Amino acid sequence: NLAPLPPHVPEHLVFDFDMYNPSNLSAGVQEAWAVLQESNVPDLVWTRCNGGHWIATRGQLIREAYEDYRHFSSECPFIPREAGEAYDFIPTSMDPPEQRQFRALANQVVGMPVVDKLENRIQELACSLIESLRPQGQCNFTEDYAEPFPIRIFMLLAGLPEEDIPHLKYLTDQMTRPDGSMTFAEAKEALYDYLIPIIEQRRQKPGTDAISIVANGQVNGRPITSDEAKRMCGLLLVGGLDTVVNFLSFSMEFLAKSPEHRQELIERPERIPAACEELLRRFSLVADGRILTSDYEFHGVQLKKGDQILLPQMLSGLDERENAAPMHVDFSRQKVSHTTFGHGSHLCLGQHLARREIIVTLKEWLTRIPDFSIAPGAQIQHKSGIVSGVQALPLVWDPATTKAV
Ligand code: HEM
Ligand SMILES: CN(C)c1cccc2c(S(=O)(=O)NCCOCCOCCNC(=O)[C@]34C[C@H]5C[C@H](C[C@H](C5)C3)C4)cccc12
Ligand SMILES: [K+]
């Protein structure tokens, strides 16, 4: 489905990349996107897929556009446009300067100080999940560890009850794993519908959970509205789910296929934080974007007001112009540059929580289950979109090589 080429887009910049079903996807999703960085592909191209939009293909342009919020607005951040148009999460759908105070409030509840009182539940959570799988000699890592882990952490951050996990999980999957049964807007309303009463409850009777802080916060002078509070809690919920689920999956798929990298981390556990950083670069997975606020020439290319531009956070660290031999994982890589957590005013607020979740997972898994493999005969399937991922991750190990800890 190739949308008619707008008159202002020259034909030499056309490259019909499909972000939801890239060709060569079977070879790995990062590799599928990296086709945009082969030598005969311009720094900035137009695809007619998914309604028609620009794609910046190089770290320098991706970073620049993310810095220039005046021209590249978060008001419509998703492709296709209809999804971008409905989306009203806070602060991701706002531009500076109104975004600033909402980001400050969100930061209180997911920021670096909060990551200390949570560490213990994160550690405990990772250990009991791993210990439950360890004697089986197999799991589907995506389903059995990756999925339950971040939602359980969010419940403890937001002071919500465990029994709600399955309902909430059903709601969020309906939003981010579309089978096409309902529109983005439709799924989002279903989600808000759960959240609306909880905010009502916690505005009248506030506690000390993240939802209570948000719903009773002060922004831009005055108290936050119930509408604003819902739009914030919606994003605090979903922001840390698919990203962490899919990232851990990519990481574990790599370690399962790489005994030498496994052993490196087993022999030298102090290298885990650095290995986390290099995996973050290599298996970067987010791609959202911006909408042009005005006509604007960007690196020799005429962009038109209302044009959408995909600015793939994924691509910056895969750019061979900023990391030599980018497809190779080197835990001893000396200057690891990436925009995996974004760039500019919307830089991931959960990046510190995310790193703890990743580092704790790797530390605790390698200690209990040092030697594991991809199940024999399994072909690992990837999916591509705004948050790329792993369909399933069947792993196997000999329980006799494991230790209860
Ligand atoms: C591997 C894990 C994660 C990755 C790769 C990731 C990636 C990103 C990216 C690329 C953005 C920028 C979006 C944009 O500019 O439009 C972002 C923003 C954000 N992230 Fe994450 N994220 C992760 C985990 C988390 C977690 C655990 C949380 C906490 C619940 C979280 C909360 C947020 C929030 C609230 C924003 C919006 C910041 C703003 O608009 O000012 N993220 N993340
Ligand atoms: C034109 N056409 C026929 C169509 C074709 C193809 C698909 C279509 C879809 S669609 O169903 O594929 N589009 C909806 C998919 O987007 C889900 C992502 O939102 C989840 C919330 N995540 C964040 O807020 C995040 C905000 C930021 C950035 C990331 C990571 C994290 C932080 C959380 C996302 C809908 C309608 C039409 C479609
Ligand atoms: K919008």
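Definitions and cut-offs
- Residues numbered from 1 in each chain as written, not as in the entry; some residues may be left out.
- Chains lettered and ligands numbered in written order.
- Heavy atoms only, no water.
- Helix = DSSP H or I, 4+ residues; strand = E, 2+ residues; numbered from the N terminus.
- Buried < 20%, exposed > 50% of the residue type's maximum accessible area, 1.4 Å probe, protein only.
- Contact = heavy atoms within 4.5 Å.
- Areas by Shrake-Rupley, 256 points an atom, 1.4 Å probe, with all protein chains shown as cover.
- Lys, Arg positive; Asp, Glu negative; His and termini not counted.
- Charge placed at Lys NZ, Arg CZ, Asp CG, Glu CD.
- Expected span 1.5 Å × (residues − 1).
- Near = heavy atom within 4 Å.
- Polar contact = N/O pair within 3.5 Å; in protein donor to acceptor, adjacent residues only side chain to side chain.
- Donors = N, O, S within 2.8 Å, 3.2 Å for Na, K, Ca; no water.
- Pairing = 2+ DSSP bridges.
- Arc of directions from axis to C-beta.
- Core = buried A, V, L, I, M, F, W, Y, C linked by side-chain atoms within 4.5 Å.
- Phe/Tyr/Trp six-rings, centres within 6.5 Å; stacked < 30°, edge-to-face > 60°.
- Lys NZ or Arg CZ within 6 Å of the ring centre and 35° of its normal.

Structure determination for this entry, per the PDB record, employed X-ray crystallography and reached 2.0000 Å resolution.

If you tally the helices and strands in the protein chain, you get 16 helices and 14 strands. If one aligns the C-alpha atoms of the protein chain with their principal axes, the spans along those axes are about 65 × 55 × 40 Å. Looking at the 405 residues of the protein chain, the share that counts as buried comes to 54%. When contacts within the protein chain are restricted to residue pairs at least 6 apart in sequence, those whose partners lie at least 24 apart make up 70%. Of the roughly 17,500 Å² of accessible surface on the protein chain, 50% is carried by carbon and sulfur atoms. Taken together, the 38 basic and 54 acidic charged side chains of the protein chain have centroids lying 4 Å from each other.

With that settled, the discussion passes to helix 16 (residues 351–368). In this model, helix 16 (18 residues) spans 26 Å end to end at C-alpha, consistent with the 26 Å of a helix rising 1.5 Å per residue. Of all 18 residues that make up helix 16, 14 are buried, and the element is covered over most of its length.

What follows deals with the site of ligand 1. The local shell around ligand 1 holds 25 residues, among which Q99, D288, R290, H346 and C348 are the closest. One of the side-chain N or O atoms of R103 is found 3.0 Å from an oxygen atom in ligand 1. Contacts to ligand 1 include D288, whose side-chain N or O atom sits 2.7 Å from an oxygen atom. Elements that contribute at least two residues to the shell around ligand 1 include exactly helix 4 (99–110), helix 11 (226–238), helix 12 (242–256) and helix 16.

Every protein donor of the potassium ion (ligand 3) is listed here as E75 (O), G84 (O), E85 (O) and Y87 (O), and their distances to the metal cover 2.7 to 3.1 Å. All donors of the potassium ion (ligand 3) come from a single chain, and their spacing in sequence reads E-x8-G-E-x1-Y. Of the two residues, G84 and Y87, both sit in the buried class.

Note on metal geometry: ideal angles are 109.5 degrees for four donors arranged tetrahedrally and 90 or 180 degrees for six donors arranged octahedrally. Here the protein supplies the iron atom of ligand 1 with just one donor, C348 (SG), and that contact is 2.4 Å long. Tracing the backbone through its elements, the reader meets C348 in the loop between helix 15 (313–318) and helix 16.

Right, let's talk about the sheet that holds strand 11 (residues 373–374) for a bit. Read across the open sheet, the 3 strands follow the order 4-14-11; overall the sheet is antiparallel. For this open sheet the edge positions go to strand 4 (138–140) and strand 11, each flanked by a neighbour on one side alone. Examined bridge by bridge, strand 4 and strand 14 (residues 394–396) share 3 bridges and lie antiparallel to one another. Within strand 14, the residue paired with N140 across the bridge is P394.

In an α-helix there are 3.6 residues to a turn, and that puts residues three or four apart on one side. Looking at helix 13 (residues 259–267), one finds that the buried residues are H261, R262, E264 and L265. Considered in projection along helix 13, the buried side chains sweep an arc of 160° and stay on one side of the axis. In helix 13, the exposed residues that point more than 90 degrees away from the buried face are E260 and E267. Looking at the buried positions of helix 13, the neighbouring elements they touch are helix 12, helix 14 (272–282) and helix 16.

Put simply, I79 and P80 share a cis peptide bond, and its omega is 5°. Mapped onto the secondary structure, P80 falls in the loop between strand 3 (72–73) and helix 3 (81–86). A cis amide bond links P96 to the next residue, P97, at an omega of 5°. Looking at the secondary structure, you find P97 in the loop between helix 3 and helix 4. Although it is not a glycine, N50 adopts a positive phi angle of roughly 55°. You can see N50 is positioned in the loop between strand 1 (44–47) and strand 2 (53–56). Residue classification places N50 among the partly exposed positions, given a relative accessible area of 24%. Positive phi, close to 45°, is recorded for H299, a residue that is not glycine. Tracing the sequence through the fold places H299 in the loop between strand 8 (296–298) and strand 9 (301–303). Of the residues examined, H299 reaches a relative accessible area of 43% and is grouped as partly exposed.

Attention now goes to the nonpolar core. Grouped together as the largest cluster of nonpolar side chains are 127 residues, with contacts concentrated most on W33, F141, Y145, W365, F372 and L395. In this structure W365 touches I130, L133, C139, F141, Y145, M252, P370, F372, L395 and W397, once residues within four positions along its chain are discounted.

Because side chains alternate across strand 2, one face comprises the buried residues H53 and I55, and the other comprises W54 and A56, equally buried. The pairing of strand 1 with strand 2 spans 4 bridges and is classified as antiparallel. Within strand 2, the residue paired with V45 across the bridge is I55. Counted between consecutive antiparallel strands, the loop separating strand 1 from strand 2 contains 5 residues, among which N50 sits at a positive phi close to 55°. In this sheet, strand 10 (residues 308–310) lies alongside strand 2 in parallel orientation, the contact comprising 2 bridges. Residue pairing in the sheet places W54 in a bridge with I309 of strand 10.

Scanning the entire structure with this criterion turns up 19 aromatic pairs. Ring centres of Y145 and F149 lie 5.0 Å apart, and the angle between their planes is 35°; on these two criteria the pair is classed as tilted. A relative accessible area of 0% means that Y145 is categorised as buried. Ring plane angle 90° and centroid distance 6.2 Å describe the contact between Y145 and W365, whose orientation is recorded as edge-to-face. Taken together, the residues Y145 in helix 6 (residues 141–146) and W365 in helix 16 connect sequence positions 220 residues apart. Accessibility classification places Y145 together with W365 in one group, the buried group. Grouped by ring-pair contacts, the aromatic residues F141, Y145, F149, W365, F372 and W397 constitute a single cluster. Just above the ring of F372 sits the side chain of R262; from NZ or CZ to the centre is 5.1 Å.

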